[PDB]
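So this first bit is one chain, no partners, the form deposited in one PDB entry, shown in structure tokens.
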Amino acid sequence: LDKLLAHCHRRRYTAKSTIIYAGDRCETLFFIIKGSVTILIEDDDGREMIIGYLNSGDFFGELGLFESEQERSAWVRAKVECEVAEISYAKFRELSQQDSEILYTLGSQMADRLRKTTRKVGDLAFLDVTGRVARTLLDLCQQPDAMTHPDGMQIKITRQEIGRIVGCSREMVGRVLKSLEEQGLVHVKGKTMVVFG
């Protein structure tokens, strides 16, 4: 792409700070310069559930950019310290009209997200929670922010976070993770988990 636009109103969010609130009416779009964010929605009873993560180089807040406008579709919460660049929907359109290559980057990312989100539907329907938990570990293993470990990879995730990803409570995800430990797949630490392999 060519998103080297000087003007971008870059701001900083410390870990766990909420950047976007689902249901908000905002005509603004974001670009992650550094850090990562968590995408969250509410499930059947209003329980918060994690749909996925976005990283440096990803856009977010974009679903409303293509127009009667609509409300934000999810919460965007900084997972680590984030530096983001904010751009109005209107200003971004004038850049896209001047160079559509910024839209192809955006379009490429929604296709990627649609694919993963489509796959999440298949995982929830075809895998049980234990298989659902196992895929999550090997999924975030390969995804960014994982540290290569002497015995495999180290990822930053909690038993509570897996519960919101796979659709399970913390205690039951903890029992699955305890079983997976003697099965030799993982080792749970304070704020991290080490996937062996």
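Numbering starts at 1 and follows the sequence shown. Here the rigid core means the biggest group of C-alpha atoms that line up within 1.5 Å when the two forms are laid on top of each other.
Of the other structures of this protein that model both sides of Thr38, every one gives it coordinates; not a third omit it. Gaps at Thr28 occur in none of the other compared entries of the protein that contain both adjacent residues, all of which model it rather than a third dropping it. The modelled chain is continuous from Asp128 to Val129, with every intervening residue of the deposited sequence accounted for. Taking only CA atoms, the mean B-factor in the PDB entry is higher for 9 to 17 than for the other of 170 to 178 and 9 to 17.
Note on 109 to 117 vs 79 to 87: mean CA B-factor is higher in 79 to 87. Across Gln70, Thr38, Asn55, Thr136, the greatest Cα temperature factor reported in the deposited entry is at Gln70. Residue-level temperature factors show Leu185 in the highest third of its chain, judged at the C-alpha atom.
Sort the modelled residues of the chain by CA B factor and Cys141 lands in the middle third. Among the modelled residues of its chain, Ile33 has a C-alpha B-factor that falls in the lowest third, as given in the PDB entry.
In this PDB entry, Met153 carries a Cα temperature factor that places it within the middle third of its chain's modelled residues. In the deposited entry, the Cα temperature factor of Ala74 places it in the lowest third of its chain's modelled residues.
What follows is about the form deposited in another entry, which we do not show.
Taking 2 Å as the criterion, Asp43 counts as shifted between the shown form and the other one: its C-alpha moves by at least this amount when the rigid core is aligned. Positional change of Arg12 between the shown form and the other one stays under 2 Å at the C-alpha, relative to the superposed core. Once both forms are overlaid on the rigid core, the distance between the two CA positions of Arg25 between the shown form and the other one is under 2 angstroms. Between the C-alpha atoms of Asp44 and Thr118, a gap widened by no less than 3 Å is obtained in that other deposited form, as opposed to the form on display.
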